[PDB]
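In the block that follows, a single chain appears as structure tokens, in the form deposited without the named molecule.
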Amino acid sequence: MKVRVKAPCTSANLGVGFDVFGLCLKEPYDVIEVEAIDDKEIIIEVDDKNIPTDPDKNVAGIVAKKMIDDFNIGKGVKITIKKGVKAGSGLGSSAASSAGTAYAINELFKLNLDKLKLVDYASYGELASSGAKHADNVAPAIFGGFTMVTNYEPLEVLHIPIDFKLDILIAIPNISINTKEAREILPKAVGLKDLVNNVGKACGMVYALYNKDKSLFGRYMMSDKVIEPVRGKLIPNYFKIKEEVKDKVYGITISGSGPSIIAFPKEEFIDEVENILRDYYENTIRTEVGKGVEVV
């Protein structure tokens, strides 16, 4: 009685969509196995030893218990986790485990819950663990494609399938940013003009997706002046890299809280951009939009 799942990384904010937008990646991902066991206990194992194994501290254990309790499940579970990427990289690492666990529990115990509810449960875990739902990483991990968290409580998620091709390049710097550090960078207030600018550009990106227009999507994506200029200072060579790939990408910005960089290379310069990225960051991967947590 077990289930094995692939839970993908995700890239949130996407420039002008801070705390709303989320794009699901195909790679990297967490591989998670959940096994029903007879004694009413929650046991966790993770291939990354610094990660707590205490079911009350590990986001995966926190999600399992809440679901086990809510659905008055008899069994306990053994959760085995192979991490795709370290937390603090801006790639929704913790969200992958939260989403992956909610989705795996739903499968193993036949709960038949719809996706929005799985996002809710996964978010319960992120909240308990870090003080915030991080629904904008959890939603794309569960739905796949592009998502928008358009109300935080009650939680509402709008999903926009991405059916055209969208190559993605991810540069992963060897530094980290935890949830506390991410908030420190945030501006205290925003000028009316910036709100207007961001609302307009963010809405234009939605229009761009429905019109399959990658240039428009990427161009508007690079317009934020509220957060990006400050968040970008935290990433070595970010602005310089942005300048150097300028005409070879549809768009490039910071992934989530950073420090990872996400770029959408034009088809003709994909290897060149990958190479340029590698020259600054050895840990660079090539992916595409993902379909969300899937049974493997």
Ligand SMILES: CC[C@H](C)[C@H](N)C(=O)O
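Only residues modelled in both forms are compared. Numbering starts at 1 and runs along the sequence shown. The term rigid core refers to the maximal set of C-alpha atoms that superpose within 1.5 Å between the two forms.
- Stretch comparison (136 to 144 versus 168 to 176) by mean CA B-factor in the PDB entry places 168 to 176 on top.
- Annotation for 150 to 158 versus 68 to 76: the higher mean temperature factor (C-alpha) is found in 68 to 76.
- Considering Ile32, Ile227, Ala36, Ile262 together, the PDB entry gives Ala36 the largest C-alpha B factor.
- In this structure the maximum Cα B-factor among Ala202, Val196, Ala128, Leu118 is found at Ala128.
- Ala60: CA B factor lies in the middle third for its chain, per the PDB record.
- Looking at the C-alpha B-factors along this chain, the one for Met1 belongs to the highest third.
- The deposited CA B-factor of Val295 belongs to the middle third of values across its chain.
- Remark: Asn275 belongs to the highest third of its chain, ranked by C-alpha B-factor as recorded.
- For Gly218, the recorded CA temperature factor ranks within the middle third of the chain's modelled residues.
One more form of this protein, solved in complex with the named molecule, exists but is not displayed; see below.
- Contact with the named molecule in the bound PDB entry, judged as any non-hydrogen atom within 4.5 angstroms, is confined among 213 to 221, 69 to 77, 164 to 172, 132 to 140 to 132 to 140.
- Heavy atoms of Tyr280 never reach within 4.5 Å of the named molecule in the bound PDB entry, leaving it off the interface.
- With a 4.5 Å cutoff on heavy atoms, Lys225 does not count as touching the named molecule in the bound PDB entry; it lies far away.
- The shortest heavy atom separation between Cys24 and the named molecule in the bound PDB entry exceeds 4.5 Å.
- Though the partner is left out of this view, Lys117 does not reach within 4.5 Å of the named molecule in the bound PDB entry, counting heavy atoms only.
- The two forms, fitted on the rigid core, differ between the shown form and the other one by 2 Å or more at the CA of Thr179.
- In a core-based superposition, a mobile segment is defined as at least three consecutive common residues whose CA atoms each shift by 2 Å or more; between the shown form and the other one, such segments span 128 to 130, 177 to 179.
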